[PDB]
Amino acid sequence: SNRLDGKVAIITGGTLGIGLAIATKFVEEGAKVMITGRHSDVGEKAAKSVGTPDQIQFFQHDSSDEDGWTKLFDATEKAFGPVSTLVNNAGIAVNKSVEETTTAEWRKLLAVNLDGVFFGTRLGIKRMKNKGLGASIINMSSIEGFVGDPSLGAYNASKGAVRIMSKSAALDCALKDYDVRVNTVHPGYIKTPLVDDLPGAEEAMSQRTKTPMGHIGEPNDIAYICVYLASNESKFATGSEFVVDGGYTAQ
């Protein structure tokens, strides 16, 4: 282990589910982590459940909040030193077709899922470039960045945008020798206590016509691909999509 020796990571939406598993494995591999979320009570308990404040801290933030992004990078620097690693994991879903999406639902989802990923990616490049950090921006971009779902219109838009915007950033950073890589992670269906709050959702998600493995994944499935992408093991990977989906997109 020590696969993230000396790394300093921000993980948005790091207080629950997938983001918390990423935070946990990051700390286990020697990273210092700042997790974000909307609720201090959840966030402080989550940080304490992983490690001590010299390993992991919480910062209250809505990823749609442009000015808060600046305060989050400042706070992480103050705690841990220069940020090397950003996981843009925070996101929301609307369970509507394109046809049935209100303009308010459209703008709310895109504010988090697209604007927030843009704000973090843009600031991350500026803060992490040319510092010799082996810097890595890891953007959460979904199986819904590859295929449509008739009931996730706005979500599909946001995840298609993250997929290709990330390639633009990867290229610019590579061509300018910034020592910043940008890649996307594309989870299939994962058992999150949220999924456990939607009766029948896991069974629907586990049908062979959806997930050929016949079950959904766990948060650590996404944590381990994020460790690889944060570490210098992946120093030649940039501009690429990393899919962990139980076969969903293979059929």
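In case it trips you up, residue 1 is the first one in the sequence shown, and so on.
Comparing the deposited coordinates for 132 to 140 and 72 to 80, the stretch with the larger average C-alpha B-factor is 72 to 80. For the pair 157 to 165 and 96 to 104, the record assigns the higher mean C-alpha temperature factor to 96 to 104. Per the deposited coordinates, the residue with the largest Cα temperature factor out of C226, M213, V42, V182 is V42. Out of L198, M205, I35, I222, the entry records its largest CA B-factor for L198. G188: CA B factor in the lowest third of modelled residues in this chain (values from the PDB entry). Sorting the modelled residues of the chain by their CA temperature factor places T238 in the lowest third.
Remark: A21 belongs to the middle third of its chain, ranked by C-alpha B-factor as recorded.
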